[PDB]
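One file, work-v4.txt, is given below (compact mmCIF, N, CA and C atoms).
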# COMPACT_ATOMS: atom_id res chain seq x y z
N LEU M 7 9.84 23.20 6.94
CA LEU M 7 8.54 22.59 7.27
C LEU M 7 8.72 21.65 8.45
N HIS M 8 7.84 21.74 9.45
CA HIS M 8 7.98 20.79 10.56
C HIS M 8 6.68 20.06 10.84
N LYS M 9 6.79 18.82 11.34
CA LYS M 9 5.57 18.11 11.71
C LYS M 9 5.22 18.46 13.16
N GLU M 10 3.93 18.43 13.46
CA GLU M 10 3.39 18.64 14.79
C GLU M 10 2.36 17.57 15.12
N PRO M 11 2.27 17.19 16.38
CA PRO M 11 1.33 16.12 16.75
C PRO M 11 -0.10 16.62 16.78
N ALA M 12 -1.04 15.70 16.58
CA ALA M 12 -2.45 16.04 16.66
C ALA M 12 -3.21 14.76 17.02
N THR M 13 -4.46 14.87 17.42
CA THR M 13 -5.21 13.66 17.77
C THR M 13 -6.45 13.56 16.91
N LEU M 14 -6.73 12.40 16.35
CA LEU M 14 -7.92 12.26 15.50
C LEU M 14 -9.18 12.52 16.29
N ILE M 15 -10.11 13.29 15.72
CA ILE M 15 -11.39 13.42 16.40
C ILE M 15 -12.40 12.63 15.57
N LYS M 16 -12.44 12.93 14.28
CA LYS M 16 -13.23 12.10 13.37
C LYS M 16 -12.89 12.36 11.92
N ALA M 17 -12.94 11.31 11.11
CA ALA M 17 -12.76 11.52 9.67
C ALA M 17 -14.08 11.99 9.09
N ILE M 18 -14.06 12.98 8.21
CA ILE M 18 -15.32 13.50 7.68
C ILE M 18 -15.54 13.07 6.24
N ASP M 19 -14.46 13.01 5.48
CA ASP M 19 -14.53 12.70 4.06
C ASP M 19 -13.13 12.32 3.58
N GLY M 20 -13.05 11.97 2.30
CA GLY M 20 -11.77 11.55 1.75
C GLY M 20 -10.73 12.64 1.98
N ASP M 21 -11.13 13.90 1.93
CA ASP M 21 -10.18 15.01 1.88
C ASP M 21 -10.26 15.87 3.13
N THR M 22 -11.06 15.41 4.08
CA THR M 22 -11.29 16.24 5.27
C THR M 22 -11.37 15.41 6.53
N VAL M 23 -10.60 15.83 7.52
CA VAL M 23 -10.61 15.18 8.83
C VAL M 23 -10.62 16.20 9.97
N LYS M 24 -11.30 15.86 11.05
CA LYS M 24 -11.39 16.70 12.23
C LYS M 24 -10.34 16.25 13.22
N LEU M 25 -9.48 17.16 13.67
CA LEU M 25 -8.37 16.85 14.55
C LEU M 25 -8.36 17.78 15.77
N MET M 26 -7.81 17.27 16.86
CA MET M 26 -7.47 18.08 18.03
C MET M 26 -6.05 18.58 17.82
N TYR M 27 -5.92 19.89 17.62
CA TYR M 27 -4.59 20.44 17.35
C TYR M 27 -4.33 21.55 18.36
N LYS M 28 -3.21 21.47 19.03
CA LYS M 28 -2.79 22.43 20.05
C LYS M 28 -3.95 22.79 20.97
N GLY M 29 -4.72 21.77 21.32
CA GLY M 29 -5.79 21.86 22.28
C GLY M 29 -7.16 22.20 21.78
N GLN M 30 -7.28 22.48 20.48
CA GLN M 30 -8.55 22.85 19.89
C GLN M 30 -9.03 21.83 18.86
N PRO M 31 -10.32 21.57 18.79
CA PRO M 31 -10.84 20.81 17.65
C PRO M 31 -10.80 21.72 16.43
N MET M 32 -10.36 21.20 15.31
CA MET M 32 -10.23 21.96 14.07
C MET M 32 -10.51 21.04 12.90
N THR M 33 -11.17 21.51 11.86
CA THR M 33 -11.28 20.73 10.63
C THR M 33 -10.08 20.99 9.74
N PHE M 34 -9.44 19.96 9.22
CA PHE M 34 -8.34 20.10 8.30
C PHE M 34 -8.78 19.64 6.92
N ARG M 35 -8.46 20.37 5.88
CA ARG M 35 -8.58 19.99 4.49
C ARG M 35 -7.22 19.47 4.04
N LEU M 36 -7.11 18.34 3.37
CA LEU M 36 -5.80 17.82 2.95
C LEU M 36 -5.21 18.67 1.83
N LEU M 37 -4.01 19.23 1.98
CA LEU M 37 -3.44 20.05 0.92
C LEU M 37 -3.18 19.27 -0.37
N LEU M 38 -3.38 19.92 -1.50
CA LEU M 38 -2.97 19.59 -2.84
C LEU M 38 -3.68 18.40 -3.44
N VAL M 39 -4.72 17.88 -2.80
CA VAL M 39 -5.39 16.76 -3.46
C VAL M 39 -6.90 16.96 -3.49
N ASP M 40 -7.51 16.45 -4.54
CA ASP M 40 -8.94 16.40 -4.71
C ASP M 40 -9.41 14.94 -4.74
N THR M 41 -10.19 14.54 -3.76
CA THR M 41 -10.80 13.22 -3.77
C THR M 41 -12.23 13.35 -4.27
N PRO M 42 -12.73 12.23 -4.75
CA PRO M 42 -14.17 12.22 -5.06
C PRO M 42 -14.89 12.47 -3.74
N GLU M 43 -16.04 13.14 -3.74
CA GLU M 43 -16.65 13.41 -2.44
C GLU M 43 -17.97 12.67 -2.24
N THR M 44 -18.22 12.46 -0.95
CA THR M 44 -19.48 11.91 -0.47
C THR M 44 -20.38 13.09 -0.11
N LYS M 45 -19.75 14.24 0.10
CA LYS M 45 -20.43 15.52 0.18
C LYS M 45 -20.31 16.25 -1.16
N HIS M 46 -20.10 17.56 -1.17
CA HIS M 46 -20.05 18.33 -2.41
C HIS M 46 -18.73 19.08 -2.56
N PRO M 47 -18.36 19.42 -3.79
CA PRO M 47 -19.12 19.09 -5.00
C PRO M 47 -18.65 17.82 -5.70
N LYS M 48 -19.57 17.12 -6.33
CA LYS M 48 -20.98 17.48 -6.39
C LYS M 48 -21.82 16.23 -6.66
N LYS M 49 -23.07 16.42 -7.04
CA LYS M 49 -23.99 15.32 -7.32
C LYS M 49 -24.10 14.33 -6.16
N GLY M 50 -23.78 14.76 -4.95
CA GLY M 50 -23.87 13.99 -3.73
C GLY M 50 -22.66 13.13 -3.42
N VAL M 51 -22.80 11.83 -3.65
CA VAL M 51 -21.77 10.82 -3.48
C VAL M 51 -21.08 10.45 -4.78
N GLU M 52 -19.98 11.11 -5.15
CA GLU M 52 -19.40 10.76 -6.45
C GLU M 52 -18.78 9.37 -6.48
N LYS M 53 -18.42 8.92 -7.67
CA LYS M 53 -17.82 7.61 -7.87
C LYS M 53 -16.40 7.56 -7.31
N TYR M 54 -16.16 6.65 -6.38
CA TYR M 54 -14.91 6.43 -5.65
C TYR M 54 -14.89 7.30 -4.39
N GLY M 55 -15.94 8.09 -4.23
CA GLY M 55 -16.09 8.90 -3.02
C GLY M 55 -16.15 8.03 -1.79
N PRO M 56 -17.02 7.03 -1.71
CA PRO M 56 -17.04 6.21 -0.49
C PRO M 56 -15.73 5.45 -0.28
N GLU M 57 -15.10 5.03 -1.37
CA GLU M 57 -13.80 4.39 -1.31
C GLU M 57 -12.71 5.30 -0.73
N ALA M 58 -12.62 6.51 -1.28
CA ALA M 58 -11.60 7.46 -0.84
C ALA M 58 -11.84 7.81 0.61
N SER M 59 -13.15 7.95 0.87
CA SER M 59 -13.52 8.24 2.25
C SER M 59 -13.17 7.09 3.17
N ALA M 60 -13.36 5.83 2.78
CA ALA M 60 -13.02 4.77 3.75
C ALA M 60 -11.51 4.65 3.90
N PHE M 61 -10.78 5.00 2.84
CA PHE M 61 -9.32 4.87 2.90
C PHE M 61 -8.72 5.84 3.91
N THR M 62 -9.08 7.12 3.80
CA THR M 62 -8.62 8.13 4.76
C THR M 62 -8.99 7.79 6.19
N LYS M 63 -10.25 7.45 6.44
CA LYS M 63 -10.73 7.01 7.75
C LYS M 63 -9.93 5.83 8.30
N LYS M 64 -9.76 4.73 7.58
CA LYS M 64 -9.00 3.58 8.08
C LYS M 64 -7.56 3.99 8.41
N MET M 65 -7.00 4.80 7.51
CA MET M 65 -5.60 5.18 7.68
C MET M 65 -5.37 6.02 8.92
N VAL M 66 -6.23 7.01 9.18
CA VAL M 66 -6.02 7.81 10.40
C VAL M 66 -6.52 7.09 11.64
N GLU M 67 -7.58 6.31 11.50
CA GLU M 67 -8.08 5.63 12.70
C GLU M 67 -7.12 4.59 13.24
N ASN M 68 -6.43 3.88 12.36
CA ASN M 68 -5.54 2.81 12.80
C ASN M 68 -4.13 3.26 13.10
N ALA M 69 -3.93 4.58 13.14
CA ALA M 69 -2.55 5.06 13.36
C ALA M 69 -2.22 5.15 14.84
N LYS M 70 -0.97 4.92 15.22
CA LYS M 70 -0.47 5.20 16.55
C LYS M 70 -0.28 6.71 16.78
N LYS M 71 0.23 7.36 15.73
CA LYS M 71 0.51 8.78 15.76
C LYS M 71 -0.01 9.49 14.51
N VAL M 72 -0.78 10.54 14.69
CA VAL M 72 -1.14 11.46 13.59
C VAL M 72 -0.34 12.75 13.74
N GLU M 73 0.23 13.23 12.64
CA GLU M 73 0.93 14.52 12.71
C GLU M 73 0.46 15.41 11.56
N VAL M 74 0.48 16.71 11.80
CA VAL M 74 0.08 17.66 10.78
C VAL M 74 1.32 18.47 10.40
N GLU M 75 1.40 18.81 9.13
CA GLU M 75 2.51 19.59 8.61
C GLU M 75 1.95 20.75 7.79
N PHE M 76 2.02 22.00 8.25
CA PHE M 76 1.57 23.14 7.45
C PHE M 76 2.60 23.44 6.37
N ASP M 77 2.17 24.04 5.26
CA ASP M 77 3.12 24.41 4.20
C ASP M 77 3.63 25.82 4.52
N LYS M 78 4.24 26.51 3.59
CA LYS M 78 4.86 27.81 3.77
C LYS M 78 3.90 28.99 3.69
N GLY M 79 2.68 28.80 3.20
CA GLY M 79 1.75 29.88 2.91
C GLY M 79 0.63 29.98 3.91
N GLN M 80 -0.57 30.34 3.47
CA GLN M 80 -1.66 30.49 4.43
C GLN M 80 -1.98 29.13 5.06
N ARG M 81 -2.36 29.15 6.33
CA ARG M 81 -2.59 27.87 7.01
C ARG M 81 -4.05 27.55 7.20
N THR M 82 -4.94 28.46 6.83
CA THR M 82 -6.38 28.12 6.86
C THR M 82 -7.04 28.59 5.57
N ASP M 83 -8.11 27.96 5.10
CA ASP M 83 -8.79 28.47 3.91
C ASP M 83 -9.96 29.37 4.30
N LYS M 84 -10.79 29.74 3.33
CA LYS M 84 -11.86 30.69 3.68
C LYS M 84 -12.94 30.05 4.55
N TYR M 85 -12.92 28.73 4.74
CA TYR M 85 -13.99 28.10 5.54
C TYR M 85 -13.52 27.86 6.95
N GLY M 86 -12.33 28.38 7.25
CA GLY M 86 -11.88 28.16 8.63
C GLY M 86 -11.14 26.83 8.72
N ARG M 87 -10.92 26.15 7.59
CA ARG M 87 -10.25 24.85 7.71
C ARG M 87 -8.73 24.96 7.64
N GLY M 88 -8.05 24.15 8.45
CA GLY M 88 -6.59 24.04 8.41
C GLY M 88 -6.13 23.43 7.10
N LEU M 89 -5.05 23.95 6.51
CA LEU M 89 -4.55 23.42 5.24
C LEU M 89 -3.23 22.71 5.49
N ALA M 90 -3.19 21.39 5.36
CA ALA M 90 -1.94 20.75 5.76
C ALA M 90 -1.75 19.39 5.11
N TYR M 91 -0.56 18.88 5.28
CA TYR M 91 -0.17 17.52 4.92
C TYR M 91 -0.44 16.68 6.15
N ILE M 92 -1.19 15.59 6.02
CA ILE M 92 -1.42 14.84 7.27
C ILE M 92 -0.64 13.53 7.24
N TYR M 93 -0.02 13.13 8.35
CA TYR M 93 0.81 11.91 8.36
C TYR M 93 0.23 10.92 9.37
N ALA M 94 0.09 9.66 8.97
CA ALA M 94 -0.33 8.57 9.86
C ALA M 94 0.89 7.66 10.02
N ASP M 95 1.43 7.56 11.23
CA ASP M 95 2.65 6.79 11.48
C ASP M 95 3.71 7.09 10.44
N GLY M 96 4.00 8.36 10.17
CA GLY M 96 5.08 8.66 9.25
C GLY M 96 4.72 8.61 7.78
N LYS M 97 3.55 8.10 7.41
CA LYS M 97 3.12 8.05 6.02
C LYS M 97 2.13 9.18 5.70
N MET M 98 2.44 9.92 4.63
CA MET M 98 1.56 11.01 4.24
C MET M 98 0.24 10.52 3.66
N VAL M 99 -0.85 10.87 4.33
CA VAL M 99 -2.17 10.47 3.82
C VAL M 99 -2.42 11.07 2.46
N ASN M 100 -1.97 12.31 2.24
CA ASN M 100 -2.27 12.92 0.94
C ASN M 100 -1.65 12.14 -0.20
N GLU M 101 -0.40 11.71 -0.01
CA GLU M 101 0.29 10.94 -1.06
C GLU M 101 -0.32 9.56 -1.23
N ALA M 102 -0.65 8.91 -0.10
CA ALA M 102 -1.23 7.56 -0.25
C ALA M 102 -2.49 7.57 -1.07
N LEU M 103 -3.33 8.60 -0.87
CA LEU M 103 -4.59 8.62 -1.64
C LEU M 103 -4.29 8.70 -3.13
N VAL M 104 -3.33 9.57 -3.44
CA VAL M 104 -2.94 9.81 -4.82
C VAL M 104 -2.26 8.58 -5.42
N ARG M 105 -1.38 7.97 -4.63
CA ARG M 105 -0.70 6.76 -5.13
C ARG M 105 -1.71 5.64 -5.41
N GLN M 106 -2.85 5.58 -4.72
CA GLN M 106 -3.87 4.57 -4.93
C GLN M 106 -4.90 4.92 -5.99
N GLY M 107 -4.77 6.06 -6.66
CA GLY M 107 -5.76 6.44 -7.65
C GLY M 107 -7.08 6.80 -7.00
N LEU M 108 -7.03 7.27 -5.74
CA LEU M 108 -8.23 7.70 -5.04
C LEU M 108 -8.34 9.22 -4.87
N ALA M 109 -7.45 9.95 -5.51
CA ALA M 109 -7.38 11.40 -5.47
C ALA M 109 -6.59 11.88 -6.68
N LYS M 110 -6.89 13.07 -7.18
CA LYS M 110 -6.03 13.71 -8.17
C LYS M 110 -5.29 14.89 -7.54
N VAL M 111 -4.15 15.30 -8.06
CA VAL M 111 -3.44 16.47 -7.53
C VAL M 111 -4.26 17.72 -7.90
N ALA M 112 -4.60 18.55 -6.95
CA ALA M 112 -5.43 19.74 -7.06
C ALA M 112 -4.79 20.86 -7.86
N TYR M 113 -5.56 21.91 -8.13
CA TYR M 113 -4.94 23.11 -8.74
C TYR M 113 -4.11 23.80 -7.66
N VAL M 114 -2.85 24.08 -7.95
CA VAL M 114 -1.92 24.46 -6.89
C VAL M 114 -1.80 25.97 -6.76
N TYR M 115 -1.88 26.42 -5.51
CA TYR M 115 -1.78 27.82 -5.16
C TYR M 115 -0.48 28.05 -4.40
N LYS M 116 0.50 28.61 -5.10
CA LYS M 116 1.77 28.90 -4.42
C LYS M 116 1.53 29.97 -3.36
N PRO M 117 2.30 29.97 -2.27
CA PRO M 117 3.43 29.06 -2.12
C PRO M 117 3.12 27.78 -1.35
N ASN M 118 1.85 27.38 -1.31
CA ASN M 118 1.49 26.11 -0.64
C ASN M 118 1.64 24.97 -1.65
N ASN M 119 2.90 24.69 -1.97
CA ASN M 119 3.16 23.78 -3.08
C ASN M 119 4.43 22.95 -2.86
N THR M 120 4.89 22.91 -1.62
CA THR M 120 6.12 22.17 -1.30
C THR M 120 6.13 20.73 -1.79
N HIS M 121 5.07 19.94 -1.60
CA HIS M 121 5.17 18.52 -1.97
C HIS M 121 4.54 18.27 -3.32
N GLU M 122 4.39 19.33 -4.13
CA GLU M 122 3.69 19.22 -5.38
C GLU M 122 4.25 18.18 -6.35
N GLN M 123 5.55 18.23 -6.55
CA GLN M 123 6.23 17.30 -7.45
C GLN M 123 6.13 15.85 -6.99
N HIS M 124 6.38 15.60 -5.72
CA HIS M 124 6.28 14.28 -5.13
C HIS M 124 4.92 13.66 -5.41
N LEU M 125 3.90 14.48 -5.19
CA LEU M 125 2.54 14.00 -5.41
C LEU M 125 2.30 13.74 -6.89
N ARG M 126 2.79 14.67 -7.72
CA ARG M 126 2.58 14.46 -9.15
C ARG M 126 3.24 13.16 -9.63
N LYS M 127 4.40 12.84 -9.09
CA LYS M 127 5.09 11.59 -9.41
C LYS M 127 4.22 10.40 -9.01
N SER M 128 3.54 10.49 -7.86
CA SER M 128 2.68 9.37 -7.44
C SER M 128 1.44 9.27 -8.31
N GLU M 129 0.94 10.46 -8.69
CA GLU M 129 -0.23 10.47 -9.55
C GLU M 129 0.09 9.82 -10.90
N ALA M 130 1.25 10.13 -11.46
CA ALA M 130 1.72 9.54 -12.72
C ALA M 130 1.78 8.01 -12.62
N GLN M 131 2.34 7.50 -11.53
CA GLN M 131 2.39 6.05 -11.29
C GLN M 131 1.02 5.43 -11.20
N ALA M 132 0.13 6.04 -10.41
CA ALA M 132 -1.22 5.49 -10.32
C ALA M 132 -1.95 5.48 -11.67
N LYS M 133 -1.71 6.44 -12.55
CA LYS M 133 -2.38 6.44 -13.85
C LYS M 133 -1.87 5.29 -14.74
N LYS M 134 -0.56 5.16 -14.74
CA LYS M 134 0.19 4.11 -15.43
C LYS M 134 -0.21 2.73 -14.92
N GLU M 135 -0.66 2.62 -13.67
CA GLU M 135 -1.10 1.33 -13.14
C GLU M 135 -2.62 1.19 -13.29
N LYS M 136 -3.21 2.25 -13.81
CA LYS M 136 -4.65 2.36 -14.02
C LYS M 136 -5.48 2.02 -12.80
N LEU M 137 -5.13 2.60 -11.64
CA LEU M 137 -5.83 2.32 -10.40
C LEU M 137 -7.07 3.19 -10.18
N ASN M 138 -8.18 2.59 -9.85
CA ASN M 138 -9.38 3.26 -9.35
C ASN M 138 -9.86 4.34 -10.29
N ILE M 139 -9.67 5.60 -9.91
CA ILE M 139 -10.05 6.76 -10.71
C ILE M 139 -9.55 6.66 -12.14
N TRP M 140 -8.42 6.00 -12.31
CA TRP M 140 -7.72 5.84 -13.56
C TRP M 140 -8.08 4.54 -14.26
N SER M 141 -9.11 3.85 -13.79
CA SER M 141 -9.46 2.58 -14.45
C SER M 141 -10.68 2.72 -15.35

Structure rendered as structure tokens:
Amino acid sequence: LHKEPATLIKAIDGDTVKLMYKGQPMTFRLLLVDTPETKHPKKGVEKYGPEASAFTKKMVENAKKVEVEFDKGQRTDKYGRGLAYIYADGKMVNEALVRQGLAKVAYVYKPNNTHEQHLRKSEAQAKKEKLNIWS
């Protein structure tokens, strides 16, 4: 797995950000995590949705460097979105959301499952600390 540079274009939601990658604007979906959404699904703005959304936005906006890391399997989903691990100054946004109780680990589709265990370990810690979603 290798990291590649990208430039923030705009954060869209807790789990979705628009990036300039290899010269093209592209929407990326964060691999392996489900955040509450301000979009769907569902019921509009779910609980912790605006929180999760502000966390991702602050984290990518304030970064010096954003990098994307594709997993071993398909790199786009059926909506045309890039599927990847996103890093802000070396820190994985997907893990930070989970470590803060602002995301749960998604249903995993192999072989896009490289960081699955790492994330699950963070999710376990956030539950034990009863943060946000877990409170």

Self-check item: Separation of atom CA of residue 125 of chain M from atom C of residue 92 of chain M, in Å and rounded to one decimal
Solution: 13.1 Å

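For the choices M:54, M:34, M:27, M:113, the atom-to-atom distance to residue 88 of chain M is smallest for M:34 when using all atoms listed in the file.
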
Quiz item: Pick the closest to residue 110 of chain M from M:13, M:65, M:40, M:91: which is it, counting only N, CA and C atoms?
Solution: M:40

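For the pair atom CA of residue 72 of chain M and atom CA of residue 60 of chain M, the interatomic distance is 16.8 Å.
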
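The smallest atom-to-atom distance between residue 35 of chain M and any of M:21, M:67, M:129, M:73, using only C-alpha atoms, is found for M:21.
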